[PDB]
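Visitor: The structure follows.
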Amino acid sequence: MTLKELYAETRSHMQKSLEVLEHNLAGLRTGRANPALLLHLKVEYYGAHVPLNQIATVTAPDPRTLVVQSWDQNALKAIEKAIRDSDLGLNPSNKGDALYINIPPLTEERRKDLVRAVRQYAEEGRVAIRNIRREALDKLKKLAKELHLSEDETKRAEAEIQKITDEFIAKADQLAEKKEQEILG
RNA sequence: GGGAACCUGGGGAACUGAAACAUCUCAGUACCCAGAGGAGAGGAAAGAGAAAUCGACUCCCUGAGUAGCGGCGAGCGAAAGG
RNA sequence: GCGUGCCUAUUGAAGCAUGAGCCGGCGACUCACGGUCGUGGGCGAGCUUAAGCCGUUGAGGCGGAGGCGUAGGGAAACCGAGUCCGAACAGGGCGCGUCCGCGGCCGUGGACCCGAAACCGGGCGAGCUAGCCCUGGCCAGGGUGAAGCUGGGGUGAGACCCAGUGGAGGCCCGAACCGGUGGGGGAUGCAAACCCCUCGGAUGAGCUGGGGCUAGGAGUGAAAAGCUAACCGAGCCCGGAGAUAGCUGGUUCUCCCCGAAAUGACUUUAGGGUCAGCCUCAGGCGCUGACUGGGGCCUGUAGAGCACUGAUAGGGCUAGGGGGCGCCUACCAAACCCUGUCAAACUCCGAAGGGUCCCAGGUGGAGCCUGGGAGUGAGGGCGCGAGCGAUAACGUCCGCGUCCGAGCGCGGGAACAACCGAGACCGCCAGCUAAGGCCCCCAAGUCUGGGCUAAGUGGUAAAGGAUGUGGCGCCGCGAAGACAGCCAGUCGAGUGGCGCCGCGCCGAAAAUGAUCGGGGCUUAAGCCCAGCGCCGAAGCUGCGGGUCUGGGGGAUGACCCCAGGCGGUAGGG
RNA sequence: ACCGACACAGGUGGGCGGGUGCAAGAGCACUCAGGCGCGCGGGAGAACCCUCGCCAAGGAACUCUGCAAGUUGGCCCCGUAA
RNA sequence: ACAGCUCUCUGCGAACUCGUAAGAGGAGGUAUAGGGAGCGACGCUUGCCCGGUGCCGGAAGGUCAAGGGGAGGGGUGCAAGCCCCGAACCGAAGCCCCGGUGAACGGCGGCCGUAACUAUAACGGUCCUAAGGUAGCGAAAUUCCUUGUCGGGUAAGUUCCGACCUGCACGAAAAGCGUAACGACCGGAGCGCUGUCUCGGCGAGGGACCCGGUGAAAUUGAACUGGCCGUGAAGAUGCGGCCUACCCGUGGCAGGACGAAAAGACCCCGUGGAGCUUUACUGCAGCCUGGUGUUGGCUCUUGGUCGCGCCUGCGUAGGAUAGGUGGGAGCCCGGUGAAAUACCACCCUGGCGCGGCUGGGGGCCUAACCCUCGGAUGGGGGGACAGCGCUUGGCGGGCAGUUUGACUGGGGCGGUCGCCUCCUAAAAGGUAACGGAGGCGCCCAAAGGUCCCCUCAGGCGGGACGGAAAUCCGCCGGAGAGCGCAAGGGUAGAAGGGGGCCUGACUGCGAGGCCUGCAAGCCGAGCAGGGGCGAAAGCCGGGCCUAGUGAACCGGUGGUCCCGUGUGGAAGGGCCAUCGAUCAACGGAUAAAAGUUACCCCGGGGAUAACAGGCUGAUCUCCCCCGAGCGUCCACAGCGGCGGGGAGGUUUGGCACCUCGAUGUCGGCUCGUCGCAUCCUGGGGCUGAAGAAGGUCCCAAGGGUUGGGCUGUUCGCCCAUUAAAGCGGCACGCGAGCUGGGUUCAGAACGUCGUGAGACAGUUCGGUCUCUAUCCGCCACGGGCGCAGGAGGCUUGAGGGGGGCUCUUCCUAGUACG
Ligand SMILES: [Mg+2]
Ligand SMILES: [Mg+2]
Ligand SMILES: [Mg+2]
Ligand SMILES: [Mg+2]
Ligand SMILES: [Mg+2]
Ligand SMILES: [Mg+2]
Ligand SMILES: [Mg+2]
Ligand SMILES: [Mg+2]
Ligand SMILES: [Mg+2]
Ligand SMILES: [Mg+2]
Ligand SMILES: [Mg+2]
Ligand SMILES: [Mg+2]
Ligand SMILES: [Mg+2]
Ligand SMILES: [Mg+2]
Ligand SMILES: [Mg+2]
Ligand SMILES: [Mg+2]
Ligand SMILES: [Mg+2]
Ligand SMILES: [Mg+2]
Ligand SMILES: [Mg+2]
Ligand SMILES: [Mg+2]
Ligand SMILES: [Mg+2]
Ligand SMILES: [Mg+2]
Ligand SMILES: [Mg+2]
Ligand SMILES: [Mg+2]
Ligand SMILES: [Mg+2]
Ligand SMILES: [Mg+2]
Ligand SMILES: [Mg+2]
Ligand SMILES: [Mg+2]
Ligand SMILES: [Mg+2]
Ligand SMILES: [Mg+2]
Ligand SMILES: [Mg+2]
Ligand SMILES: [Mg+2]
Ligand SMILES: [Mg+2]
Ligand SMILES: [Mg+2]
Ligand SMILES: [Mg+2]
Ligand SMILES: [Mg+2]
Ligand SMILES: [Mg+2]
Ligand SMILES: [Mg+2]
Ligand SMILES: [Mg+2]
Ligand SMILES: [Mg+2]
Ligand SMILES: [Mg+2]
Ligand SMILES: [Mg+2]
Ligand SMILES: [Mg+2]
Ligand SMILES: [Mg+2]
Ligand SMILES: [Mg+2]
Ligand SMILES: [Mg+2]
Ligand SMILES: [Mg+2]
Ligand SMILES: [Mg+2]
Ligand SMILES: [Mg+2]
Ligand SMILES: [Mg+2]
Ligand SMILES: [Mg+2]
Ligand SMILES: [Mg+2]
Ligand SMILES: [Mg+2]
Ligand SMILES: [Mg+2]
Ligand SMILES: [Mg+2]
Ligand SMILES: [Mg+2]
Ligand SMILES: [Mg+2]
Ligand SMILES: [Mg+2]
Ligand SMILES: [Mg+2]
Ligand SMILES: [Mg+2]
Ligand SMILES: [Mg+2]
Ligand SMILES: [Mg+2]
Ligand SMILES: [Mg+2]
Ligand SMILES: [Mg+2]
Ligand SMILES: [Mg+2]
Ligand SMILES: [Mg+2]
Ligand SMILES: [Mg+2]
Ligand SMILES: [Mg+2]
Ligand SMILES: [Mg+2]
Ligand SMILES: [Mg+2]
Ligand SMILES: [Mg+2]
Ligand SMILES: [Mg+2]
Ligand SMILES: [Mg+2]
Ligand SMILES: [Mg+2]
Ligand SMILES: [Mg+2]
Ligand SMILES: [Mg+2]
Ligand SMILES: [Mg+2]
Ligand SMILES: [Mg+2]
Ligand SMILES: [Mg+2]
Ligand SMILES: [Mg+2]
Ligand SMILES: [Mg+2]
Ligand SMILES: [Mg+2]
Ligand SMILES: [Mg+2]
Ligand SMILES: [Mg+2]
Ligand SMILES: [Mg+2]
Ligand SMILES: [Mg+2]
Ligand SMILES: [Mg+2]
Ligand SMILES: [Mg+2]
Ligand SMILES: [Mg+2]
Ligand SMILES: [Mg+2]
Ligand SMILES: [Mg+2]
Ligand SMILES: [Mg+2]
Ligand SMILES: [Mg+2]
Ligand SMILES: [Mg+2]
Ligand SMILES: [Mg+2]
Ligand SMILES: [Mg+2]
Ligand SMILES: [Mg+2]
Ligand SMILES: [Mg+2]
Ligand SMILES: [Mg+2]
Ligand SMILES: [Mg+2]
Ligand SMILES: [Mg+2]
Ligand SMILES: [Mg+2]
Ligand SMILES: [Mg+2]
Ligand SMILES: [Mg+2]
Ligand SMILES: [Mg+2]
Ligand SMILES: [Mg+2]
Ligand SMILES: [Mg+2]
Ligand SMILES: [Mg+2]
Ligand SMILES: [Mg+2]
Ligand SMILES: [Mg+2]
Ligand SMILES: [Mg+2]
Ligand SMILES: [Mg+2]
Ligand SMILES: [Mg+2]
Ligand SMILES: [Mg+2]
Ligand SMILES: [Mg+2]
Ligand SMILES: [Mg+2]
Ligand SMILES: [Mg+2]
Ligand SMILES: [Mg+2]
Ligand SMILES: [Mg+2]
Ligand SMILES: [Mg+2]
Ligand SMILES: [Mg+2]
Ligand SMILES: [Mg+2]
Ligand SMILES: [Mg+2]
Ligand SMILES: [Mg+2]
Ligand SMILES: [Mg+2]
Ligand SMILES: [Mg+2]
Ligand SMILES: [Mg+2]
Ligand SMILES: [Mg+2]
Ligand SMILES: [Mg+2]
Ligand SMILES: [Mg+2]
Ligand SMILES: [Mg+2]
Ligand SMILES: [Mg+2]
Ligand SMILES: [Mg+2]
Ligand SMILES: [Mg+2]
Ligand SMILES: [Mg+2]
Ligand SMILES: [Mg+2]
Ligand SMILES: [Mg+2]
Ligand SMILES: [Mg+2]
Ligand SMILES: [Mg+2]
Ligand SMILES: [Mg+2]
Ligand SMILES: [Mg+2]
Ligand SMILES: [Mg+2]
Ligand SMILES: [Mg+2]
Ligand SMILES: [Mg+2]
Ligand SMILES: [Mg+2]
Ligand SMILES: [Mg+2]
Ligand SMILES: [Mg+2]
Ligand SMILES: [Mg+2]
Ligand SMILES: [Mg+2]
Ligand SMILES: [Mg+2]
Ligand SMILES: [Mg+2]
Ligand SMILES: [Mg+2]
Ligand SMILES: [Mg+2]
Ligand SMILES: [Mg+2]
Ligand SMILES: [Mg+2]
Ligand SMILES: [Mg+2]
Ligand SMILES: [Mg+2]
Ligand SMILES: [Mg+2]
Ligand SMILES: [Mg+2]
Ligand SMILES: [Mg+2]
Ligand SMILES: [Mg+2]
Ligand SMILES: [Mg+2]
Ligand SMILES: [Mg+2]
Ligand SMILES: [Mg+2]
Ligand SMILES: [Mg+2]
Ligand SMILES: [Mg+2]
Ligand SMILES: [Mg+2]
Ligand SMILES: [Mg+2]
Ligand SMILES: [Mg+2]
Ligand SMILES: [Mg+2]
Ligand SMILES: [Mg+2]
Ligand SMILES: [Mg+2]
Ligand SMILES: [Mg+2]
Ligand SMILES: [Mg+2]
Ligand SMILES: [Mg+2]
Ligand SMILES: [Mg+2]
């Protein structure tokens, strides 16, 4: 309706496009010495792919492994029933109310199968935003042309978007930016 | 054919002014062409204009910046009669 | 010792804004006809003549056509000291010189003087340059080797293939010839388009000699708005023409008097103008002026205040509403109540002030009236009060005021339009004072008592730190003699604690060489509270002199006394 | 001696335009016939500039850019890809 | 430009062009040709949308200018008359309307939902359209984010090439995608070779310099012309305090004299100027078009129409095809109906019958006009047409003259432009800003006059339908209701709520004020005239009150007395009443008007922008306070919430004070110099310091602070090293020292917007950078004099300047610590 609520409907409409970015990184075979790499998992349970960060508690004991202290025995049961079913290629455990799964890093060829695809979400992410800028500015057009402004009352708008788009595009380049280390280094 | 201007006919601007500008103005000016000559034109009423009047024409002074004309603006502007 | 050129334009210039090498000459508010005034004469209920006519050879008459003036009022008819609107016989609106000379200003003409970009007419150019027509030349040498023909090959006949001859082409290489790619030079040149190296085309849409043709809103153009006689978005010359310029510049002798504005209103107006405001001169009226005292009103700001309007933190009381809902539990939460507050657009209340009317003082480059001449209509700083700004700006708009402008004349402030003092006729080798100062530069107290400060603070900064120092307080409570060390007695006294006042330290880094104006100051040459004295300006007295008004001498003699004003740009006299 | 304000480093159509050598030629070099030595000179031997010759090693690090400069260059003969 | 493609025009006296015309090109041509337009060999191709626009086609209708036409009206004369307006209706072109048309101007979308991992969406629903971009191409001479991501080339590649397509904003004849051959065209690589460079050196010639001859120019207030901190109109040789410094030159260097040269080219202002554009205004040329003059014959055929002759009207009964009103009875009523006939009439309805006056059409003609033919007194063909005169209406950037407002913290854009109500506003008024927050361009025949009465809003209880208000009753409540609508003031002792009569919401006027520059606006006593209500004293010339509106000019309607061009009356004026304005840019230039320039010009300005300086310091970089809370314990080893205080003038800004008769504007090169907040190397302090390393704070600039790739880049980003590869000041130092890659002149193109000419803080290739230094300053080298005799030598050094760096390794010692 106006720049006021708009400049915020971008910092809200760009948020999500960023969201997924994080999402598509953890789903990646990093040093896999992290728990979150699991919780996202849509685990089929009681008739609904239910995110693991809701069916249990994953926390890697040490670097070399993770534990899913799955409260209810049964839950844990139908849990493995999905952490493996991921092409990845791991194997957990039916030990106690928890799930012991190893973390085995691998070859360089495994680095391209991980690093290359990342410098790909690097795009899907930067871009998803690029559009929240394209689609933004356009409503900024019809806006000050409906509402009346100055060729400058508008530039202020026009570039603010830009400073916002740029501000958010950072929480991306710079985001994955770190995990790239957890992957590489 | 020529002739310093001066005169008549045939054509004929704009800048300007109106504090813009198109009617209007400058202006029938400038200039162009023809023609007449010591001058040229005009000249004996199919006039004038309200006076039982006047009596070819042309020039001067008044009439008069009047009567009027006018995007009733800028501005233009007679005639009878004396 | 003291001292920032001249003009110009400006809120403001020495200005690092404008113009000017220097000297001499030329060089800009005029005339004509109308108007409006003031003024010197003539004639007066009238005054005066235009063209023309007669005389003159630097004689003046005559000429009353005509023009103003004697009545105004009404759109007009018309009426008339009235008239007009009107039914009114209410009312209301309008009511007494010419002719010359001269000065001021206005209208009109180029009308203060220069200066455009352009516009319009008539002409002059294609001996440059563009296109084209006619008639003539020119293009070393080398290269590749098309079509054609001819001989052989193949076929049913062919097509088609081979050699050979042959000599095509907006073909190739490269001089002349015609261009002008890239670079350097040249840049008051060799030259207002050049030179050197380099590079393109060179039988073609080629280059060139002579003769011809098309032109100014026109030509011509392998197209750039290119070219048309070295500048072309419309050539050149001549005339209209002294186009117009709400802009820029310039605008000449002296002394005297007064002196602005930089605002309001309306402007296709906003750096212009019309009216008003403010200056000035004339004549007219004469204490009403500015300012002050005393009285009587209107008034709604500074404060303050919640009675309205609204906002407000908390607490109580209590709807209705959360959560168990039945009791209860959190002001989560309306009105109400106190408790404390907030507000340009709230005020129960309300100042000081301001304004205004009658009376009183008030003789002043006061006012009030009629009129001639204006300029100005960018303002700027500073105090105060408000907006905008960010409780920013040498910011910005307003308000009272002031000062600069125009007081850049003088002292102080180091230097400096507006900060302090203070209104500069002139002259003097006099004297006392303002502001500021009084140790040396530099005038006058290293003046006198009384403290404070040790950082050069002074000599120019904050929140906030800190037993820096000097001076006050009330608090403990130490013979129920610990406050500091050594087992606590001896030791036998000033030790803890907050918190106020003065000066001070830290906090605290900037760009060419440093500093408070310099030197140099510490019981000061700093700072605070006292006291007497000097210095110091163009301020005021002293002596003399110039000048204009006002007021008396006065025998006008313009000739001495008397009391005042005399900075000044635009401007007026 | 013509057009360029000049005794101008620019411009101006046609014919002749020798010899030797170089693949040829009106190209280049030298020189016949012929003409000229450009209407200020003399010295010195710095910076710097103009125009010109050279370089160790490196060989585009230069720079906007190999701009410039260098390399290659004639003829004969092989031999020449997409 | 080009061949070549396409659309289009043109039947010959061609179209088109020049010209007033004659005439001429066209062309001594004839559609296999000529003109106009776009595209630009050649290969494959060239989609969809005729709603709007243009053009082609439509013998019907709609509208329409003259002219024809005259029902009807007015003016005058005693009149025959003469004069005027004047409806029907017939009337071109154009426009409207109906079709067609894209190698004509042009145009060629969006929003929801859905696949058994997810994603995504072939598929569905839906909104609008004239129809929603096909082939091919794609971060491109087009891609804003952008150096998009990947891959290749490189040590390293914002460029380049290959891909992906999320095409800000390709795309089919302003052509699309390709293409061998071609280019002094623009980009990326290589190899060869070099002074281009690291990195500078030597040498040659012509100048520069010295000597003899000749001998300029721009500029120039006057000169006796130094540095620093200050200062001043805010960048000083010329003021102030201080600091230096003998006089005068020769060769050089360029930092300064805001150096010179151009009355700034950008910027704005001027109601300044030109070239251009169009669906801005207005006209002109030309073209189309009706009537006519030129201009005539003979026929065919239908109109409008006035003279006339005639026939002509079938409601229900009916003597039945009554038109109508009169006369009227021999050439009938009757009976009945709305009306009675046998007959003569005057006329509405309507058609035919011979004439007039005029019209329109379609034919043939020849003899005017035209063109032609071995030279014609004539013959061919066209033919009342064409051409030409006049007049009617329209098309008409082809051409012309012009208009395209102002304010405004430059301008443009956005906003506003008059009136009303508060505050601002400092206790009379008044009063600024693009200051804060709202209204008006009306409404009322009752909402008005006056007389007569009556009184709210809310609150609490009682109450049939009944919220928390319908309507009743009951107390209480001075004002918070109401007062037509904004706001303020006022108000119940009425302006409010209700009832009764009325139309003073009059005509004549107006003492006297308010306000005020003018002109406008504002209240209004009372007299006269005739009225309304009231018993009356009395009130009523509009509305509780301020907004609710517009000078004159020009026309329009009414009326009255005045004028009425020899006189009379008219035509037409005046006076009075009243009307036509978003003249709303609202004190109003015209009846009448938009753009554009980088093709541009003049006059002006630092009255006003961009660069730079200055003031400011929000923003900016920096350091400081308070100390939540992180640090395994523990505010400060290292950190710091929310919050607060300052410093600096390097960022982005605000202001517009110098300079617009000119202060050359990014980057690079060269030469630097200064600050410390320090990147190295020196010292030191704590450390959550073992050592070796670091972290962090404190001192401290003396000196150092590399070479490359990319980009114009500064800045970054990488490659290889380093003790380190520090930030910032000097007009973001430095163009009279160089460079011009960037950027802002003219050329061209892409995307883009625009109908257009042209435009763009978009791109892209191109594109002129001025021999002489006089003064200050600086580098060198002199002449003069001075230094109280005149000399030849050798030194003293007050004073200044140059220079100061840093790494690696080996011993100590593999020791100390571990
Ligand atoms: Mg003659
Ligand atoms: Mg005019
Ligand atoms: Mg006009
Ligand atoms: Mg005109
Ligand atoms: Mg004679
Ligand atoms: Mg005669
Ligand atoms: Mg006769
Ligand atoms: Mg005469
Ligand atoms: Mg008269
Ligand atoms: Mg006469
Ligand atoms: Mg001096
Ligand atoms: Mg002047
Ligand atoms: Mg100024
Ligand atoms: Mg000077
Ligand atoms: Mg200047
Ligand atoms: Mg000067
Ligand atoms: Mg000037
Ligand atoms: Mg001179
Ligand atoms: Mg002189
Ligand atoms: Mg007068
Ligand atoms: Mg007199
Ligand atoms: Mg006489
Ligand atoms: Mg009357
Ligand atoms: Mg001009
Ligand atoms: Mg002309
Ligand atoms: Mg001629
Ligand atoms: Mg010629
Ligand atoms: Mg010629
Ligand atoms: Mg050739
Ligand atoms: Mg050429
Ligand atoms: Mg060649
Ligand atoms: Mg010739
Ligand atoms: Mg040509
Ligand atoms: Mg062109
Ligand atoms: Mg020329
Ligand atoms: Mg004239
Ligand atoms: Mg003049
Ligand atoms: Mg004087
Ligand atoms: Mg005075
Ligand atoms: Mg105006
Ligand atoms: Mg005035
Ligand atoms: Mg106040
Ligand atoms: Mg409450
Ligand atoms: Mg309350
Ligand atoms: Mg008195
Ligand atoms: Mg007085
Ligand atoms: Mg003013
Ligand atoms: Mg001003
Ligand atoms: Mg100010
Ligand atoms: Mg003064
Ligand atoms: Mg002076
Ligand atoms: Mg001074
Ligand atoms: Mg004085
Ligand atoms: Mg002394
Ligand atoms: Mg003394
Ligand atoms: Mg003491
Ligand atoms: Mg520092
Ligand atoms: Mg000192
Ligand atoms: Mg004392
Ligand atoms: Mg005296
Ligand atoms: Mg006296
Ligand atoms: Mg005085
Ligand atoms: Mg004066
Ligand atoms: Mg005077
Ligand atoms: Mg010449
Ligand atoms: Mg010459
Ligand atoms: Mg010579
Ligand atoms: Mg010569
Ligand atoms: Mg020749
Ligand atoms: Mg040879
Ligand atoms: Mg030769
Ligand atoms: Mg010579
Ligand atoms: Mg070498
Ligand atoms: Mg070497
Ligand atoms: Mg390089
Ligand atoms: Mg480089
Ligand atoms: Mg580069
Ligand atoms: Mg390049
Ligand atoms: Mg490059
Ligand atoms: Mg080269
Ligand atoms: Mg190849
Ligand atoms: Mg092949
Ligand atoms: Mg055609
Ligand atoms: Mg012919
Ligand atoms: Mg083309
Ligand atoms: Mg095909
Ligand atoms: Mg269409
Ligand atoms: Mg159609
Ligand atoms: Mg048709
Ligand atoms: Mg007619
Ligand atoms: Mg009659
Ligand atoms: Mg028609
Ligand atoms: Mg969906
Ligand atoms: Mg499913
Ligand atoms: Mg669908
Ligand atoms: Mg679609
Ligand atoms: Mg399709
Ligand atoms: Mg593509
Ligand atoms: Mg792409
Ligand atoms: Mg790229
Ligand atoms: Mg491409
Ligand atoms: Mg883009
Ligand atoms: Mg590589
Ligand atoms: Mg695009
Ligand atoms: Mg598109
Ligand atoms: Mg198409
Ligand atoms: Mg097209
Ligand atoms: Mg292509
Ligand atoms: Mg080329
Ligand atoms: Mg070097
Ligand atoms: Mg030499
Ligand atoms: Mg200074
Ligand atoms: Mg210099
Ligand atoms: Mg000069
Ligand atoms: Mg100028
Ligand atoms: Mg100019
Ligand atoms: Mg301009
Ligand atoms: Mg012109
Ligand atoms: Mg017949
Ligand atoms: Mg008839
Ligand atoms: Mg009859
Ligand atoms: Mg019956
Ligand atoms: Mg009978
Ligand atoms: Mg009839
Ligand atoms: Mg015939
Ligand atoms: Mg015939
Ligand atoms: Mg005809
Ligand atoms: Mg035009
Ligand atoms: Mg206008
Ligand atoms: Mg502005
Ligand atoms: Mg007041
Ligand atoms: Mg007041
Ligand atoms: Mg309104
Ligand atoms: Mg009422
Ligand atoms: Mg009810
Ligand atoms: Mg209303
Ligand atoms: Mg009534
Ligand atoms: Mg009354
Ligand atoms: Mg009323
Ligand atoms: Mg008018
Ligand atoms: Mg009119
Ligand atoms: Mg008459
Ligand atoms: Mg208007
Ligand atoms: Mg106005
Ligand atoms: Mg008005
Ligand atoms: Mg008008
Ligand atoms: Mg251009
Ligand atoms: Mg040009
Ligand atoms: Mg052009
Ligand atoms: Mg031009
Ligand atoms: Mg200024
Ligand atoms: Mg600050
Ligand atoms: Mg903070
Ligand atoms: Mg602060
Ligand atoms: Mg600064
Ligand atoms: Mg400025
Ligand atoms: Mg300045
Ligand atoms: Mg000058
Ligand atoms: Mg200047
Ligand atoms: Mg320690
Ligand atoms: Mg340093
Ligand atoms: Mg660079
Ligand atoms: Mg790389
Ligand atoms: Mg620097
Ligand atoms: Mg130079
Ligand atoms: Mg320069
Ligand atoms: Mg310079
Ligand atoms: Mg460039
Ligand atoms: Mg260039
Ligand atoms: Mg460029
Ligand atoms: Mg531009
Ligand atoms: Mg377009
Ligand atoms: Mg080039
Ligand atoms: Mg220059
Ligand atoms: Mg020299
Ligand atoms: Mg030393």
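By convention here, the chains of the structure tokens are called A, B, ... in the order presented, each chain's residues are numbered starting at 1, and ligands are numbered starting at 1 in the order presented.
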Starting from chain A, keep only residues with some atom at most 12 Å from an atom of chain E, counting only C-alpha atoms (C1' of nucleotides), and report them as a VMD selection string.
Guide: chain A and resid 20 24 27 41 to 44 49 82 85 to 87 116 to 138 144 to 145 147 to 155 158 to 159 161 to 166 169
Visitor: Excluding same-chain residues fewer than 2 positions from residue 243 in chain C, what lies within 9 Å of it counting only C-alpha atoms (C1' of nucleotides), as a ChimeraX atom specification?
Guide: /B:15-16 /C:119,240-241
Visitor: Could you save those same residues with N, CA and C atoms (P, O5', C5', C4', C3', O3' and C1' of nucleotides) as a PDB file, in the first residue's frame?
Guide:
```pdb
ATOM      1  P     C B  15       7.125  41.597 -37.130  1.00  0.00           P
ATOM      2  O5'   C B  15       8.423  42.386 -36.654  1.00  0.00           O
ATOM      3  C5'   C B  15       9.740  41.802 -36.850  1.00  0.00           C
ATOM      4  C4'   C B  15      10.839  42.782 -36.495  1.00  0.00           C
ATOM      5  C3'   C B  15      10.669  43.483 -35.172  1.00  0.00           C
ATOM      6  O3'   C B  15      11.046  42.639 -34.103  1.00  0.00           O
ATOM      7  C1'   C B  15      11.381  45.040 -36.801  1.00  0.00           C
ATOM      8  P     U B  16      10.418  42.904 -32.664  1.00  0.00           P
ATOM      9  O5'   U B  16      10.675  44.465 -32.541  1.00  0.00           O
ATOM     10  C5'   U B  16       9.938  45.227 -31.631  1.00  0.00           C
ATOM     11  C4'   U B  16       9.836  46.651 -32.086  1.00  0.00           C
ATOM     12  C3'   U B  16       8.646  47.251 -31.380  1.00  0.00           C
ATOM     13  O3'   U B  16       9.048  47.662 -30.077  1.00  0.00           O
ATOM     14  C1'   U B  16       8.485  47.678 -33.710  1.00  0.00           C
TER      15        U B  16
ATOM     16  P     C C 119      16.368  35.740 -38.950  1.00  0.00           P
ATOM     17  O5'   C C 119      15.306  36.926 -38.961  1.00  0.00           O
ATOM     18  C5'   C C 119      14.039  36.764 -38.283  1.00  0.00           C
ATOM     19  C4'   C C 119      13.092  37.907 -38.600  1.00  0.00           C
ATOM     20  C3'   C C 119      13.032  38.366 -40.037  1.00  0.00           C
ATOM     21  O3'   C C 119      12.134  37.547 -40.749  1.00  0.00           O
ATOM     22  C1'   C C 119      13.124  40.235 -38.579  1.00  0.00           C
ATOM     23  P     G C 240      17.645  53.636 -43.901  1.00  0.00           P
ATOM     24  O5'   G C 240      16.324  52.742 -43.705  1.00  0.00           O
ATOM     25  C5'   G C 240      15.017  53.150 -44.227  1.00  0.00           C
ATOM     26  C4'   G C 240      13.907  52.259 -43.678  1.00  0.00           C
ATOM     27  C3'   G C 240      13.876  52.119 -42.163  1.00  0.00           C
ATOM     28  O3'   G C 240      13.044  53.136 -41.618  1.00  0.00           O
ATOM     29  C1'   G C 240      13.766  49.970 -43.173  1.00  0.00           C
ATOM     30  P     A C 241      13.276  53.637 -40.122  1.00  0.00           P
ATOM     31  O5'   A C 241      14.868  53.545 -39.970  1.00  0.00           O
ATOM     32  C5'   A C 241      15.614  54.508 -39.178  1.00  0.00           C
ATOM     33  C4'   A C 241      16.991  53.970 -38.848  1.00  0.00           C
ATOM     34  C3'   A C 241      17.828  53.628 -40.070  1.00  0.00           C
ATOM     35  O3'   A C 241      19.221  53.776 -39.776  1.00  0.00           O
ATOM     36  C1'   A C 241      17.418  51.667 -38.803  1.00  0.00           C
TER      37        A C 241
END
```
Visitor: Write as a PyMOL selection string the residues around ligand 76, taking 8 Å as the cut-off and counting only C-alpha atoms (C1' of nucleotides) and all ligand atoms.
Guide: (chain D and resi 61-63) or (chain E and resi 708)
Visitor: Using only C-alpha atoms (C1' of nucleotides), which protein or nucleic acid residues come within 10 Å of residue 59 in chain D? Drop anything in the same chain fewer than 3 positions from it, and give the result as a VMD selection string.
Guide: chain E and resid 193 to 194 197
Visitor: Mind listing the residues within 9 Å of ligand 117, only C-alpha atoms (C1' of nucleotides) and all ligand atoms counted, as a PyMOL selection string?
Guide: chain E and resi 266-269
Visitor: Write the residues of the preceding selection, restricted to C-alpha atoms (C1' of nucleotides), as a PDB file, in the first residue's frame.
Guide:
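Below you can see again24.pdb, which holds the result:
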```pdb
ATOM      1  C1'   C E 266      27.161  23.920 -18.127  1.00  0.00           C
ATOM      2  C1'   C E 267      23.306  26.455 -14.789  1.00  0.00           C
ATOM      3  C1'   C E 268      19.293  29.894 -14.152  1.00  0.00           C
ATOM      4  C1'   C E 269      16.957  34.292 -15.302  1.00  0.00           C
TER       5        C E 269
END
```
Visitor: Throw together the list of residues within 8 Å of ligand 126, counting only C-alpha atoms (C1' of nucleotides) and all ligand atoms, and drop it here as a list in words.
Guide: residues 366, 381, 382 and 383 of chain E
